[PDB]
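What follows is a single chain, given as structure tokens, in the form deposited in one PDB entry.
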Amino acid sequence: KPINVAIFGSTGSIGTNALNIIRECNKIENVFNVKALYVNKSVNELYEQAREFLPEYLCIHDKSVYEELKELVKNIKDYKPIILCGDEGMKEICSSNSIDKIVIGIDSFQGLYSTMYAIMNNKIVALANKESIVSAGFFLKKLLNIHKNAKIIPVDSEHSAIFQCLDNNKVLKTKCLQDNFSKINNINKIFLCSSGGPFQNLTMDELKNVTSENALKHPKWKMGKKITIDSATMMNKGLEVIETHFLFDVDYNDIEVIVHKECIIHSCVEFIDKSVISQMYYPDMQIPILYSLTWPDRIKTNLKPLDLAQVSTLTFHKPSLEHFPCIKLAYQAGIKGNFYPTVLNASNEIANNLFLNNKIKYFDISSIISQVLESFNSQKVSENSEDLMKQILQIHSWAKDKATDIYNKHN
């Protein structure tokens, strides 16, 4: 019973960690068939991936490097893949009966599009892109009720942890992003653990003057620039609060952010009897990715066993909302509901990039996001799926423009 997987965004962080753990697990026994790989324009890296995994399908988004892919791939002996291009290629791969599970390792707003078509083809969607859930949660909910066989399985590390803490006999009576998921799983409350980021111990006056270099340099854990900035402001965690709400139907007043600087306990689930279950390991994306592909089973790995005695000490504290106002904004937008999460995510995209590029200061990030949120007005939510997606796109675009306008008016 092999597991037939497509990897979307195969040359990125998530994509390469997916192939790493598949590679390593396949050495123990051959359980995975990599059936498709899809990237934007990393044609030389995609070639190299195809040489190893020999997927049936290859797809590159950017048509301008299509012919170069075809040329590179002729050098592979006895290998005749289907080489596809752009959105059309993505829809073709998602509609293959030969593919059961698709890892979505495509970043930013763009990740939502492939998520959508994987759901429409009733696949298991291993979704790392939290922005898709934040921006399009209710739409994704609606879609998952049309496509009863589709499932989103979380890959974001804390959400994977939460999922790993549940009893699958209860999970199988529902699915992620369903109303009443928490009630069916007897969930009371979530502890959503955080690294706390590089600024975790700075004073207000120090925060006033921090730069993106300070966020990016000497990192404990080397990550991409956008998520590093979001880790520094703790807007990552704020996005992850909304992600928790949508995935597991947990009320906002039942999600507690906790700073856990050792990053061993990945998050915790309090049940209605007050028992708490947690998922622990070294900081790690290979188990989250793997579990998304093996769920509801687990398979053997050769990962290093956790040495709790060596770890020795674990610590927990409450984040300061004054120092990390992005967290408060995320709760506020989440609780308001409607399209306020879309607006949060979009305005943060702009504010994050302004700070990265040294155009604004740390507290301007939250200032801009706050002002965009305040200017939005709740919109009647379309009952039609197509119109709902058009609303999300329009609101996303509006909010990014509004953020930029606020920046330019002050500047």
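For the two forms, the rigid core is made up of the largest set of C-alpha atoms that agree within 1.5 Å on superposition. Start at 1 and count along the sequence shown; that's the residue number.
The same protein also has a form deposited in another entry, omitted here; what follows describes it.
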message: Quick check: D387 between this form and the one not shown - does its CA shift reach 2 Å or more after fitting the rigid core?
response: yes
message: If the two forms are fitted on the core, does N357 show a Cα displacement reaching 2 angstroms between this form and the one not shown?
response: yes
- request: Might you say whether the CA atoms of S385 and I104 end up closer or farther apart in the other entry than in this form? Their distance differs by 3 Å or more.
  value: closer
